[PDB]
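Following this are structure 1 and structure 2, which are two forms of one protein chain, each written alone as structure tokens.
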Structure 1
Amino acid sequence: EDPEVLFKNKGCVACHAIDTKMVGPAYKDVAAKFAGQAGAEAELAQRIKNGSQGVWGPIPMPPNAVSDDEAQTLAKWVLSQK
């Protein structure tokens, strides 16, 4: 599926923007941190699906209603924002 359509449909848009921080981090900032680190895509994909806490602040990202192929698609698209 298309990452831009997923970003809207799966509710990501409610907590994230690409350039500014809303509830979670800006995607440009995420892409910058995980730069070109080996294995980052799989690691972000897991956090998109099962949740995250502590990396960008004290508040959690709740687990998302996405499948594994959807999380990989989204992780790859977030990293391309750098």
Structure 2
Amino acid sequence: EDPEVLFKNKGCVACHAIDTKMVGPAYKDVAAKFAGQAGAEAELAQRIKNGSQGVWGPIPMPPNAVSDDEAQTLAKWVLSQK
């Protein structure tokens, strides 16, 4: 099997990242940054779906092929990180 496929399928993602510094911000840090903002869930869902740039650094996030509902589910989950 492809190893990235196994990494996801075999539960490793719960406990490990490739790097302490991934290209995008860690979700716990995203959650903390938004702690004083209402409407974080809607904003993040839009960013997740459509892509975004310039908030955390010069590296863009491309759009993601997710539905509105999927984007909202993911935004809520990012915001649920403790």
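C-alpha atoms forming the largest set that superposes within 1.5 Å between two forms make up the rigid core. When a residue number appears, read it as a position in the sequence of structure 1, where counting begins at 1. Only residues modelled in both forms are compared.
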| property | result |
| --- | --- |
| Did residue 69 shift 2 Å or more between the two structures, C-alpha, core superposed | no |
| Per-residue C-alpha change between the two structures, residue 17, threshold 2 Å, rigid core fit | yes |
| Rigid-core-superposed Cα shift at residue 8 between the two structures, Å | 6.0 |
| Between the two structures, how far the Cα of residue 46 shifts once the core is aligned, in Å | 0.2 |
| Sequence-ordered runs, three or more residues, C-alpha shift 2 Å or more between the two structures, rigid core | 1-21 |
